[PDB]
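Structure, as structure tokens:
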Amino acid sequence: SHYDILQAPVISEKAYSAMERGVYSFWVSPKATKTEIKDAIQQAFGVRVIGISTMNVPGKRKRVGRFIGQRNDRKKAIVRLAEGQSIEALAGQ
Amino acid sequence: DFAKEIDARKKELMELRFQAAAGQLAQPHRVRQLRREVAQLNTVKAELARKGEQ
Amino acid sequence: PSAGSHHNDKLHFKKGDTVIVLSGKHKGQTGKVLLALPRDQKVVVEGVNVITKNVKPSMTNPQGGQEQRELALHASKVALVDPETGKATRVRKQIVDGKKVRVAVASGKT
RNA sequence: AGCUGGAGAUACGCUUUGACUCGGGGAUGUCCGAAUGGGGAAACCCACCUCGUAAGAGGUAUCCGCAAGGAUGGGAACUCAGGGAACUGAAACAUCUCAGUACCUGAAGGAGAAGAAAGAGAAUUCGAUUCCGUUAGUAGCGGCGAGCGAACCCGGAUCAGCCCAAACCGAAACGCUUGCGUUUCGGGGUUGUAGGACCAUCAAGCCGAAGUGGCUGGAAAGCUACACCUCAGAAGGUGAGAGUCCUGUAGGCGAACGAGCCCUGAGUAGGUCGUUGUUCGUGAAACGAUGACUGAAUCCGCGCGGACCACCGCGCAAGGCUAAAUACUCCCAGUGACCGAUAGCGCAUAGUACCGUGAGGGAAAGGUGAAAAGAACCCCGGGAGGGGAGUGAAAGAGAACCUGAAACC
RNA sequence: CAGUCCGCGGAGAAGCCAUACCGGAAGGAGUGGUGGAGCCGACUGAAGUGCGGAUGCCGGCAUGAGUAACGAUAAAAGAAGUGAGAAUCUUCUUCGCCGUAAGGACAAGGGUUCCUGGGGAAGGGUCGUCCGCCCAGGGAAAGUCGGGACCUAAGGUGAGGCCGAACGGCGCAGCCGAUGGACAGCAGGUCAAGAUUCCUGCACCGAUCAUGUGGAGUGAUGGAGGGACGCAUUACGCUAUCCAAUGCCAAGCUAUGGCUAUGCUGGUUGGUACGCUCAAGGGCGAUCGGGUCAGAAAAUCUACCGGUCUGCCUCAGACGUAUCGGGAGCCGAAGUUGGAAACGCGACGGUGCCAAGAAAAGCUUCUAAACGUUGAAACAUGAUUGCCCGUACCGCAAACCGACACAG
Ligand SMILES: [Mg+2]
Ligand SMILES: [Mg+2]
Ligand SMILES: [Mg+2]
Ligand SMILES: [Mg+2]
Ligand SMILES: [Mg+2]
Ligand SMILES: [Mg+2]
Ligand SMILES: [Mg+2]
Ligand SMILES: [Mg+2]
Ligand SMILES: [Mg+2]
Ligand SMILES: [Mg+2]
Ligand SMILES: [Mg+2]
Ligand SMILES: [Mg+2]
Ligand SMILES: [Mg+2]
Ligand SMILES: [Mg+2]
Ligand SMILES: [Mg+2]
Ligand SMILES: [Mg+2]
Ligand SMILES: [Mg+2]
Ligand SMILES: [Mg+2]
Ligand SMILES: [Mg+2]
Ligand SMILES: [Mg+2]
Ligand SMILES: [Mg+2]
Ligand SMILES: [Mg+2]
Ligand SMILES: [Mg+2]
Ligand SMILES: [Mg+2]
Ligand SMILES: [Mg+2]
Ligand SMILES: [Mg+2]
Ligand SMILES: [Mg+2]
Ligand SMILES: [Mg+2]
Ligand SMILES: [Mg+2]
Ligand SMILES: [Mg+2]
Ligand SMILES: [Mg+2]
Ligand SMILES: [Mg+2]
Ligand SMILES: [Mg+2]
Ligand SMILES: [Mg+2]
Ligand SMILES: [Mg+2]
Ligand SMILES: [Mg+2]
Ligand SMILES: [Mg+2]
Ligand SMILES: [Mg+2]
Ligand SMILES: [Mg+2]
Ligand SMILES: [Mg+2]
Ligand SMILES: [Mg+2]
Ligand SMILES: [Mg+2]
Ligand SMILES: [Mg+2]
Ligand SMILES: [Mg+2]
Ligand SMILES: [Mg+2]
Ligand SMILES: [Mg+2]
Ligand SMILES: [Mg+2]
Ligand SMILES: [Mg+2]
Ligand SMILES: [Mg+2]
Ligand SMILES: [Mg+2]
Ligand SMILES: [Mg+2]
Ligand SMILES: [Mg+2]
Ligand SMILES: [Mg+2]
Ligand SMILES: [Mg+2]
Ligand SMILES: [Mg+2]
Ligand SMILES: [Mg+2]
Ligand SMILES: [Mg+2]
Ligand SMILES: [Mg+2]
Ligand SMILES: [Mg+2]
Ligand SMILES: [Mg+2]
Ligand SMILES: [Mg+2]
Ligand SMILES: [Mg+2]
Ligand SMILES: [Mg+2]
Ligand SMILES: [Mg+2]
Ligand SMILES: [Mg+2]
Ligand SMILES: [Mg+2]
């Protein structure tokens, strides 16, 4: 319904440093629109979204064994919440 | 009632995906096992749809 | 690319069956079926000693080991024995229910 | 009883309340594409209408028809049809041939076409259509040149002929000076030795006979001493050459669901003008075939018998349907005095790499070993490479891994 | 290659390699050496059956030869680092070279070449510890920028419609189609790598709703205006922006023979809000009424026709106050005076010319129909909403087109 939409939280030092600021970022399905992902976050974790941005990301084109191939195209999506932030306490721990 | 158990499966499935992006995923089998329970779910629903109504 | 089963992914032995070797230096040696790989025709019995060497690998340890291990073999062991060793196998005799096709040489089971 | 795709790699696990895998159905099936809500530079943009809680589901192109319900597109070769070459031969080249070939385009199926005599033909025989053999390079056509080339008889493969208009009854609706006639429905009626009216099994699979000791060897299937089975000695695997180790083979069984035998057709027959097909190139040129202009006859009637006439024979046109024998081979099995890595399909796989804006062109191919036992460990070197050691029958096999010829160093 | 015999073979086949032997030749044997799994001899049958040549084909290897060159004559030198190894990689200090470029920003077009950590086979015309190369992992954020959910030009489509052996050729409306019209924000900060996107400050836009004022008229796929456009010259004000100084501010020295600062070096404002502040330049006349024959009919809106009396609106930009930034520098100073000056802004200015210079919606104004006229139009505040695609990096070039890290 909408749990399927959220492909994975973004890892990496920048997403963590933002996660310290109360904004959260994850990869979502490339077909996903801004409204449905805002609603999917508001369903999946119960916080209100207050800001959004998204960015399609073609995969790095990589090669193994003289077989050259495109990798799956992601869609990163970053969102800021109102003062009831903190998401579920799944931070860096 | 079927949709409730479907979506309850979907939530933990996405939780497993979220850990799997992280270093924690000790039981990958639970991944695919969670999906067949979804499919069986949907399948059985169709198996009732034709039944009775004909 | 050549499948290696000219024997139709059939196997004349179960896992855990006692078995004797027909050919090679192991002819006339004895062993239970520890691992049965049908489509490849590979058979593991205890006693097919093989000295695999490795302390080059890091993963097990910065060194490692020479060590004694099994070397699986072709369905060139005798599949099943009896007080008479070797020998072929009749089937289709009935179990106490009859639902189990069984085995015999001159006569017997398993 | 294993399974967890190739894929060779770890971890996580599923399975004897039946996994996998194999046959049979179901159910999901994102977007493009005939694409079909509308747009568009395919796989992406933008909507509307009902369900209406929402997530989500369904509909929204055009053509034929009331309405079901059809159709659009694709398909290697095969079929039919609308158009229709030129090299070339003619030792030049116009008619001719090359050829209704190649090609384009349309329709369609597992075939298609054609087909149930207004015929062939010369015995007053034949009796649908298609295909093979033959007649036969006979007849014949041809700047009578290059060349082009039938049909009947006869022999086989396969053989089924079935249905409607129309004279006449019952209208019914409509058409007129009064028991009548334009197109609709049932009856009836389908022809030439004239007929007809109206009046006398294969699928997934299971079972399946029979050998042991010694020898060489690294290894046994070779050799050897004795045997056994055979409705089975086809074949492939196994450390090398196995009827008797495996898988099979001969034979036998085998399923809930599964595929498969007074009338008889007119703007037409006929004709003139342009043309054309069969051997038919204006030739004495019949006949079919149609563009233009015309335009008959009815059963004491009509078409043909190669200008034309009389006689003598064959046959009834202008409405339809019709299996099989016939063609091909994208695909499956079987087989081979077929290839075996420059051969063989281009490909031991790839329409990939690469070349091209494009249509399109387009490769090299391979081999440890029995089994990975795929070289622990030590030495020189960052390595790479190498020497020892081991594994192994062989390291005179070591992964630039069968042999390892010649140029050449 | 095939049929049939004879047989051979892990005590080792074919194949490969030497060889003084043998037949008249094509040829064939003996022995030895590799090789490691099939094969010779005889009789017969069938052939893709015998190579030095075809500027033959596929392939490998020679000669030229350690030869020509190493891709602009904008030179490079020392220290110090790293390291198995350095003329070439890193850093430091000098040097030289472009500077309407050889700097910067975009569009194409390419597609991860961007950043970090690693690597060293091959690509790099030498090297290589380095790279635009190999590996892995990150980076790419928009209600306001460009496009789309708007419009139209050429052009392409195209129900109907006109034609045409077929496929198809045209074709009114409509639709697609930017290269054009239309449209709401600027100043600053910063990951290793994004920025009118994110963060910070403070604006605007449209939409929905609420509170209230107002408390009633809204006012179309149709009419009308307007949007709506050429070139050359040219007057006035101004900004960007640059110059000067014994203006201010900041920091320290100096020495060579001198200057003791009036010397040296560097800085010397961006946005927003508010003004009885200064301001060129620019726009605009204004209603009453008549006629049907004009805009399909309507119309209080346009056009035609008659009567009727400098002024308004406007800020380009400057100046002040405040504020928010930035700001040389060792957290934060100063912000002056004079001048120069755009193709930019005021503007859709003036004047001259002839070759006589898009369309369309948005937009302003009218009624038709319809909906109401005690829950209008509009306005004010609060709240709520803000979709899709693009954005990394190269981008006069080592990352695009030239088969190349190419003098184009
Ligand atoms: Mg945002
Ligand atoms: Mg490689
Ligand atoms: Mg070593
Ligand atoms: Mg495997
Ligand atoms: Mg579409
Ligand atoms: Mg379409
Ligand atoms: Mg000629
Ligand atoms: Mg000619
Ligand atoms: Mg053809
Ligand atoms: Mg065709
Ligand atoms: Mg068709
Ligand atoms: Mg014997
Ligand atoms: Mg055999
Ligand atoms: Mg004629
Ligand atoms: Mg002639
Ligand atoms: Mg080949
Ligand atoms: Mg070769
Ligand atoms: Mg090919
Ligand atoms: Mg490629
Ligand atoms: Mg090596
Ligand atoms: Mg060697
Ligand atoms: Mg060798
Ligand atoms: Mg090797
Ligand atoms: Mg071999
Ligand atoms: Mg070799
Ligand atoms: Mg020998
Ligand atoms: Mg010789
Ligand atoms: Mg061998
Ligand atoms: Mg041979
Ligand atoms: Mg030849
Ligand atoms: Mg010669
Ligand atoms: Mg030659
Ligand atoms: Mg050559
Ligand atoms: Mg010289
Ligand atoms: Mg030289
Ligand atoms: Mg030169
Ligand atoms: Mg230097
Ligand atoms: Mg020094
Ligand atoms: Mg050092
Ligand atoms: Mg080196
Ligand atoms: Mg230093
Ligand atoms: Mg530049
Ligand atoms: Mg681009
Ligand atoms: Mg870089
Ligand atoms: Mg780096
Ligand atoms: Mg290198
Ligand atoms: Mg080099
Ligand atoms: Mg450098
Ligand atoms: Mg965006
Ligand atoms: Mg913003
Ligand atoms: Mg725009
Ligand atoms: Mg057109
Ligand atoms: Mg346009
Ligand atoms: Mg533009
Ligand atoms: Mg704007
Ligand atoms: Mg930082
Ligand atoms: Mg930047
Ligand atoms: Mg000019
Ligand atoms: Mg001075
Ligand atoms: Mg008004
Ligand atoms: Mg300019
Ligand atoms: Mg319009
Ligand atoms: Mg940029
Ligand atoms: Mg990009
Ligand atoms: Mg060139
Ligand atoms: Mg260049």
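By convention in this document, the chains of the structure tokens carry letters A, B, ... by their order, each chain's residues are numbered from 1, and ligands are numbered from 1 in the order they are shown.
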Using only C-alpha atoms (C1' of nucleotides) and all ligand atoms, determine which residues fall within 10 Å of ligand 24, then list them as number ranges by chain.
D: 367-370, 397, 402-403; E: 36-37
Taking only C-alpha atoms (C1' of nucleotides) and all ligand atoms into account, which residues have an atom no farther than 6 Å from ligand 1? I'd like them as a VMD selection string.
chain A and resid 51 to 53
Would you list the residues that come within 9 Å of ligand 43? Count only C-alpha atoms (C1' of nucleotides) and all ligand atoms and give the answer as a PyMOL selection string.
chain E and resi 107-110+390
What residues of the protein or nucleic acid chains come within 12 Å of ligand 55 when you use only C-alpha atoms (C1' of nucleotides) and all ligand atoms? Reply as a PyMOL selection string.
chain E and resi 144-146+182-185+196+204-205
Contacts of residue 161 (chain D) at 10 Å or less, counting only C-alpha atoms (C1' of nucleotides), minus same-chain residues fewer than 3 places along, as a list in words?
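With the cut-off at 10 Å, the set is residues 116, 128 and 322 of chain D.
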Could the residues in this selection be written to a file with N, CA and C atoms (P, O5', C5', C4', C3', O3' and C1' of nucleotides), as a PDB file, in the first residue's frame?
ATOM      1  P     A D 116     -17.669 -26.060 -61.061  1.00  0.00           P
ATOM      2  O5'   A D 116     -18.675 -27.189 -61.553  1.00  0.00           O
ATOM      3  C5'   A D 116     -18.172 -28.356 -62.192  1.00  0.00           C
ATOM      4  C4'   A D 116     -19.006 -29.571 -61.878  1.00  0.00           C
ATOM      5  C3'   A D 116     -20.412 -29.281 -61.346  1.00  0.00           C
ATOM      6  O3'   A D 116     -21.344 -30.182 -61.927  1.00  0.00           O
ATOM      7  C1'   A D 116     -19.275 -30.719 -59.863  1.00  0.00           C
ATOM      8  P     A D 128     -16.472 -36.726 -62.825  1.00  0.00           P
ATOM      9  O5'   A D 128     -16.300 -35.600 -63.943  1.00  0.00           O
ATOM     10  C5'   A D 128     -15.185 -34.723 -63.939  1.00  0.00           C
ATOM     11  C4'   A D 128     -15.564 -33.361 -63.418  1.00  0.00           C
ATOM     12  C3'   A D 128     -14.395 -32.467 -63.017  1.00  0.00           C
ATOM     13  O3'   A D 128     -13.830 -31.760 -64.112  1.00  0.00           O
ATOM     14  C1'   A D 128     -15.953 -32.549 -61.244  1.00  0.00           C
ATOM     15  P     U D 322     -15.959 -23.140 -50.211  1.00  0.00           P
ATOM     16  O5'   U D 322     -15.859 -24.727 -50.107  1.00  0.00           O
ATOM     17  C5'   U D 322     -16.265 -25.420 -48.941  1.00  0.00           C
ATOM     18  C4'   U D 322     -16.698 -26.815 -49.291  1.00  0.00           C
ATOM     19  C3'   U D 322     -15.655 -27.678 -49.976  1.00  0.00           C
ATOM     20  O3'   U D 322     -14.763 -28.269 -49.060  1.00  0.00           O
ATOM     21  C1'   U D 322     -17.710 -27.863 -51.129  1.00  0.00           C
TER      22        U D 322
END
Compute the set of chain A residues within 12 Å of chain E, using only C-alpha atoms (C1' of nucleotides), and express it as a ChimeraX atom specification.
/A:10-15,17-18,21,23,25,31-36,50-64,70,74-80
Take the selection from the previous step and output its residues with C-alpha atoms, as a PDB file, in the first residue's frame.
ATOM      1  CA  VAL A  10      19.543   6.138   2.589  1.00  0.00           C
ATOM      2  CA  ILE A  11      22.792   5.285   4.333  1.00  0.00           C
ATOM      3  CA  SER A  12      25.907   7.528   4.161  1.00  0.00           C
ATOM      4  CA  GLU A  13      27.484  10.236   6.278  1.00  0.00           C
ATOM      5  CA  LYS A  14      25.466  13.062   4.750  1.00  0.00           C
ATOM      6  CA  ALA A  15      22.106  11.418   5.355  1.00  0.00           C
ATOM      7  CA  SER A  17      24.358  14.416   9.426  1.00  0.00           C
ATOM      8  CA  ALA A  18      20.966  15.515   8.124  1.00  0.00           C
ATOM      9  CA  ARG A  21      19.002  17.947  11.916  1.00  0.00           C
ATOM     10  CA  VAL A  23      15.331  15.759   8.164  1.00  0.00           C
ATOM     11  CA  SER A  25      16.000  10.762   3.426  1.00  0.00           C
ATOM     12  CA  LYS A  31       7.552   5.741 -10.359  1.00  0.00           C
ATOM     13  CA  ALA A  32       6.603   7.403  -7.024  1.00  0.00           C
ATOM     14  CA  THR A  33       5.198  10.950  -6.978  1.00  0.00           C
ATOM     15  CA  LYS A  34       5.779  13.500  -4.229  1.00  0.00           C
ATOM     16  CA  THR A  35       2.282  13.365  -2.789  1.00  0.00           C
ATOM     17  CA  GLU A  36       2.125   9.586  -2.411  1.00  0.00           C
ATOM     18  CA  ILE A  50       6.364  19.805   6.368  1.00  0.00           C
ATOM     19  CA  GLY A  51       8.833  19.832   3.454  1.00  0.00           C
ATOM     20  CA  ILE A  52       9.868  17.639   0.551  1.00  0.00           C
ATOM     21  CA  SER A  53      12.251  17.254  -2.354  1.00  0.00           C
ATOM     22  CA  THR A  54      12.989  14.369  -4.732  1.00  0.00           C
ATOM     23  CA  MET A  55      15.601  13.469  -7.356  1.00  0.00           C
ATOM     24  CA  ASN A  56      15.743  10.638  -9.870  1.00  0.00           C
ATOM     25  CA  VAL A  57      19.159   8.968  -9.910  1.00  0.00           C
ATOM     26  CA  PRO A  58      20.353   6.821 -12.831  1.00  0.00           C
ATOM     27  CA  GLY A  59      22.497   3.986 -11.621  1.00  0.00           C
ATOM     28  CA  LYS A  60      26.239   3.904 -11.993  1.00  0.00           C
ATOM     29  CA  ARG A  61      27.007   1.834 -15.092  1.00  0.00           C
ATOM     30  CA  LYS A  62      29.333  -0.946 -13.938  1.00  0.00           C
ATOM     31  CA  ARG A  63      30.934  -4.021 -15.465  1.00  0.00           C
ATOM     32  CA  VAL A  64      31.993  -7.480 -14.319  1.00  0.00           C
ATOM     33  CA  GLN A  70      23.425  -0.498 -16.309  1.00  0.00           C
ATOM     34  CA  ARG A  74      17.002   4.879  -7.874  1.00  0.00           C
ATOM     35  CA  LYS A  75      14.939   7.904  -6.817  1.00  0.00           C
ATOM     36  CA  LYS A  76      16.223   9.659  -3.692  1.00  0.00           C
ATOM     37  CA  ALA A  77      13.694  11.609  -1.632  1.00  0.00           C
ATOM     38  CA  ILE A  78      14.395  13.931   1.304  1.00  0.00           C
ATOM     39  CA  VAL A  79      11.783  15.229   3.723  1.00  0.00           C
ATOM     40  CA  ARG A  80      11.663  17.601   6.692  1.00  0.00           C
TER      41      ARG A  80
END
Could you tell me, counting only C-alpha atoms (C1' of nucleotides) and all ligand atoms, which protein and nucleic acid residues lie no more than 12 Å from ligand 33, written as an MDAnalysis selection string?
chainID E and resid 56:62
Next, dump the selected residues to file, keeping only N, CA, C and O atoms (P, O5', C5', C4', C3', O3' and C1' of nucleotides), as a PDB file, in the first residue's frame.
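For reference, again-v9.pdb as written:
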ATOM      1  P     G E  56      47.860  -9.722 -53.210  1.00  0.00           P
ATOM      2  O5'   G E  56      46.684 -10.784 -53.225  1.00  0.00           O
ATOM      3  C5'   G E  56      46.782 -12.001 -53.937  1.00  0.00           C
ATOM      4  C4'   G E  56      45.419 -12.518 -54.329  1.00  0.00           C
ATOM      5  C3'   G E  56      44.478 -12.918 -53.182  1.00  0.00           C
ATOM      6  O3'   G E  56      43.659 -11.858 -52.707  1.00  0.00           O
ATOM      7  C1'   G E  56      44.698 -14.710 -54.665  1.00  0.00           C
ATOM      8  P     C E  57      43.953 -11.056 -51.338  1.00  0.00           P
ATOM      9  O5'   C E  57      43.259 -11.914 -50.185  1.00  0.00           O
ATOM     10  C5'   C E  57      41.838 -11.973 -50.110  1.00  0.00           C
ATOM     11  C4'   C E  57      41.317 -13.183 -49.358  1.00  0.00           C
ATOM     12  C3'   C E  57      41.732 -13.305 -47.913  1.00  0.00           C
ATOM     13  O3'   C E  57      40.969 -12.454 -47.078  1.00  0.00           O
ATOM     14  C1'   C E  57      41.976 -15.385 -48.946  1.00  0.00           C
ATOM     15  P     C E  58      41.629 -11.789 -45.765  1.00  0.00           P
ATOM     16  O5'   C E  58      41.658 -12.990 -44.723  1.00  0.00           O
ATOM     17  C5'   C E  58      40.539 -13.318 -43.918  1.00  0.00           C
ATOM     18  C4'   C E  58      40.934 -14.417 -42.990  1.00  0.00           C
ATOM     19  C3'   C E  58      42.080 -14.105 -42.055  1.00  0.00           C
ATOM     20  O3'   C E  58      41.736 -13.299 -40.940  1.00  0.00           O
ATOM     21  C1'   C E  58      42.482 -16.168 -43.061  1.00  0.00           C
ATOM     22  P     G E  59      42.856 -12.376 -40.216  1.00  0.00           P
ATOM     23  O5'   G E  59      44.046 -13.390 -39.906  1.00  0.00           O
ATOM     24  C5'   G E  59      43.899 -14.291 -38.826  1.00  0.00           C
ATOM     25  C4'   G E  59      44.970 -15.337 -38.793  1.00  0.00           C
ATOM     26  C3'   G E  59      46.335 -14.879 -38.368  1.00  0.00           C
ATOM     27  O3'   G E  59      46.405 -14.614 -37.000  1.00  0.00           O
ATOM     28  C1'   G E  59      46.543 -16.367 -40.138  1.00  0.00           C
ATOM     29  P     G E  60      47.031 -13.240 -36.541  1.00  0.00           P
ATOM     30  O5'   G E  60      48.577 -13.592 -36.477  1.00  0.00           O
ATOM     31  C5'   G E  60      49.038 -14.407 -35.424  1.00  0.00           C
ATOM     32  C4'   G E  60      50.201 -15.254 -35.835  1.00  0.00           C
ATOM     33  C3'   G E  60      51.542 -14.554 -35.909  1.00  0.00           C
ATOM     34  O3'   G E  60      52.156 -14.396 -34.656  1.00  0.00           O
ATOM     35  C1'   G E  60      51.240 -15.846 -37.832  1.00  0.00           C
ATOM     36  P     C E  61      52.818 -12.990 -34.323  1.00  0.00           P
ATOM     37  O5'   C E  61      54.165 -12.990 -35.181  1.00  0.00           O
ATOM     38  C5'   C E  61      55.287 -13.743 -34.759  1.00  0.00           C
ATOM     39  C4'   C E  61      56.158 -14.152 -35.916  1.00  0.00           C
ATOM     40  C3'   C E  61      57.092 -13.096 -36.461  1.00  0.00           C
ATOM     41  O3'   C E  61      58.274 -13.048 -35.711  1.00  0.00           O
ATOM     42  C1'   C E  61      56.036 -14.265 -38.247  1.00  0.00           C
ATOM     43  P     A E  62      59.044 -11.663 -35.508  1.00  0.00           P
ATOM     44  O5'   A E  62      59.133 -11.054 -36.994  1.00  0.00           O
ATOM     45  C5'   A E  62      60.285 -10.361 -37.484  1.00  0.00           C
ATOM     46  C4'   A E  62      60.840 -11.006 -38.733  1.00  0.00           C
ATOM     47  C3'   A E  62      61.696 -10.133 -39.628  1.00  0.00           C
ATOM     48  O3'   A E  62      63.026 -10.009 -39.160  1.00  0.00           O
ATOM     49  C1'   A E  62      60.124 -11.329 -40.950  1.00  0.00           C
TER      50        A E  62
END
Need the shell around residue 307 (chain E): protein/DNA/RNA residues with any atom at most 12 Å away, counting only C-alpha atoms (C1' of nucleotides). Skip same-chain ones fewer than 2 positions apart. Format as a ChimeraX atom specification?
/E:287-290,305
Pairwise distance, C1' of residue 318 (chain E) with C1' of residue 270 (chain E), equals 16.4 Å
Distance filter 12 Å, only C-alpha atoms (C1' of nucleotides), chain D against chain A, as a count of residues only
8
Near chain A, 9 Å: chain B residue rows, closest pairs, only C-alpha atoms, as CSV:
residue,atom,partner,partner_atom,distance
B:7,CA,A:1,CA,7.3
B:10,CA,A:3,CA,6.3
B:11,CA,A:3,CA,5.7
B:12,CA,A:3,CA,8.8
B:13,CA,A:3,CA,8.1
B:14,CA,A:3,CA,5.7
B:15,CA,A:3,CA,8.5
B:17,CA,A:8,CA,6.0
B:18,CA,A:8,CA,4.8
B:19,CA,A:8,CA,8.0
B:20,CA,A:8,CA,7.9
B:21,CA,A:8,CA,5.9
B:22,CA,A:11,CA,7.3
With only C-alpha atoms (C1' of nucleotides) as the counted atoms, please give the residues lying no more than 8 Å from region 57-60 of chain D, apart from itself and same-chain residues fewer than 5 positions off, as a list in words.
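The neighbour list is residues 37, 48, 49 and 51 of chain D.
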I'd like to know which residues of region 15-90 of chain A are helix (DSSP H, G or I) (by DSSP, run on the backbone); could you write them as a list in words?
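Those in region 15-90 of chain A that DSSP calls helix (DSSP H, G or I) are residues 15, 16, 17, 18, 19, 34, 35, 36, 37, 38, 39, 40, 41, 42, 43 and 44 of chain A.
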Mind dumping the selected residues with N, CA, C and O atoms as an mmCIF file, in the first residue's frame?
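This went into selection01.cif:
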data_model
loop_
_atom_site.group_PDB
_atom_site.id
_atom_site.type_symbol
_atom_site.label_atom_id
_atom_site.label_comp_id
_atom_site.auth_asym_id
_atom_site.auth_seq_id
_atom_site.Cartn_x
_atom_site.Cartn_y
_atom_site.Cartn_z
ATOM 1 N N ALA A 15 23.456 11.689 4.883
ATOM 2 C CA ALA A 15 22.106 11.418 5.355
ATOM 3 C C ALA A 15 22.084 11.302 6.866
ATOM 4 O O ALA A 15 21.104 11.699 7.503
ATOM 5 N N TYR A 16 23.178 10.828 7.468
ATOM 6 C CA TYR A 16 23.245 10.799 8.929
ATOM 7 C C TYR A 16 23.336 12.207 9.515
ATOM 8 O O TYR A 16 22.625 12.541 10.474
ATOM 9 N N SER A 17 24.201 13.050 8.942
ATOM 10 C CA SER A 17 24.358 14.416 9.426
ATOM 11 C C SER A 17 23.077 15.219 9.267
ATOM 12 O O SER A 17 22.814 16.143 10.046
ATOM 13 N N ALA A 18 22.287 14.909 8.246
ATOM 14 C CA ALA A 18 20.966 15.515 8.124
ATOM 15 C C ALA A 18 20.006 14.935 9.149
ATOM 16 O O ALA A 18 19.199 15.663 9.736
ATOM 17 N N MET A 19 20.109 13.624 9.395
ATOM 18 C CA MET A 19 19.260 12.944 10.365
ATOM 19 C C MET A 19 19.461 13.521 11.755
ATOM 20 O O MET A 19 18.563 13.434 12.602
ATOM 21 N N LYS A 34 5.498 12.852 -5.508
ATOM 22 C CA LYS A 34 5.779 13.500 -4.229
ATOM 23 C C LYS A 34 4.637 13.319 -3.242
ATOM 24 O O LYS A 34 4.866 13.106 -2.043
ATOM 25 N N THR A 35 3.401 13.390 -3.719
ATOM 26 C CA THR A 35 2.282 13.365 -2.789
ATOM 27 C C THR A 35 2.155 11.996 -2.139
ATOM 28 O O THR A 35 1.988 11.888 -0.919
ATOM 29 N N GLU A 36 2.248 10.936 -2.946
ATOM 30 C CA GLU A 36 2.125 9.586 -2.411
ATOM 31 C C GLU A 36 3.262 9.254 -1.464
ATOM 32 O O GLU A 36 3.062 8.509 -0.508
ATOM 33 N N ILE A 37 4.462 9.781 -1.697
ATOM 34 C CA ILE A 37 5.521 9.452 -0.754
ATOM 35 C C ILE A 37 5.385 10.269 0.524
ATOM 36 O O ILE A 37 5.683 9.772 1.621
ATOM 37 N N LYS A 38 4.902 11.507 0.428
ATOM 38 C CA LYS A 38 4.595 12.239 1.649
ATOM 39 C C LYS A 38 3.560 11.492 2.478
ATOM 40 O O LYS A 38 3.738 11.290 3.687
ATOM 41 N N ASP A 39 2.481 11.045 1.828
ATOM 42 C CA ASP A 39 1.450 10.293 2.533
ATOM 43 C C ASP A 39 1.975 8.961 3.050
ATOM 44 O O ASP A 39 1.587 8.531 4.134
ATOM 45 N N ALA A 40 2.879 8.309 2.316
ATOM 46 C CA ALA A 40 3.428 7.038 2.778
ATOM 47 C C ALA A 40 4.293 7.220 4.017
ATOM 48 O O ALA A 40 4.306 6.358 4.896
ATOM 49 N N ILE A 41 5.015 8.340 4.116
ATOM 50 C CA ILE A 41 5.772 8.607 5.336
ATOM 51 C C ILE A 41 4.825 8.907 6.492
ATOM 52 O O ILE A 41 4.990 8.387 7.605
ATOM 53 N N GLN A 42 3.802 9.731 6.237
ATOM 54 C CA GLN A 42 2.840 10.073 7.284
ATOM 55 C C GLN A 42 2.050 8.859 7.754
ATOM 56 O O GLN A 42 1.519 8.867 8.872
ATOM 57 N N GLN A 43 1.921 7.837 6.905
ATOM 58 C CA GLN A 43 1.339 6.568 7.327
ATOM 59 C C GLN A 43 2.360 5.707 8.066
ATOM 60 O O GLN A 43 2.074 5.177 9.145
ATOM 61 N N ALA A 44 3.556 5.557 7.494
ATOM 62 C CA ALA A 44 4.503 4.566 7.978
ATOM 63 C C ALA A 44 5.077 4.949 9.329
ATOM 64 O O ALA A 44 5.510 4.071 10.085
#
Taking only C-alpha atoms (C1' of nucleotides) and all ligand atoms into account, list the residues no farther than 12 Å from ligand 40, as a PyMOL selection string.
(chain D and resi 382-384) or (chain E and resi 83-86+120-121+127-129)
Kindly provide, as number ranges by chain, all nucleotide and amino acid residues lying within 8 Å of ligand 45, counting only C-alpha atoms (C1' of nucleotides) and all ligand atoms.
E: 115-117
Return as number ranges by chain the residues belonging to chain B that are within 12 Å of chain D, counting only C-alpha atoms (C1' of nucleotides).
B: 3, 7, 25-33, 39-50
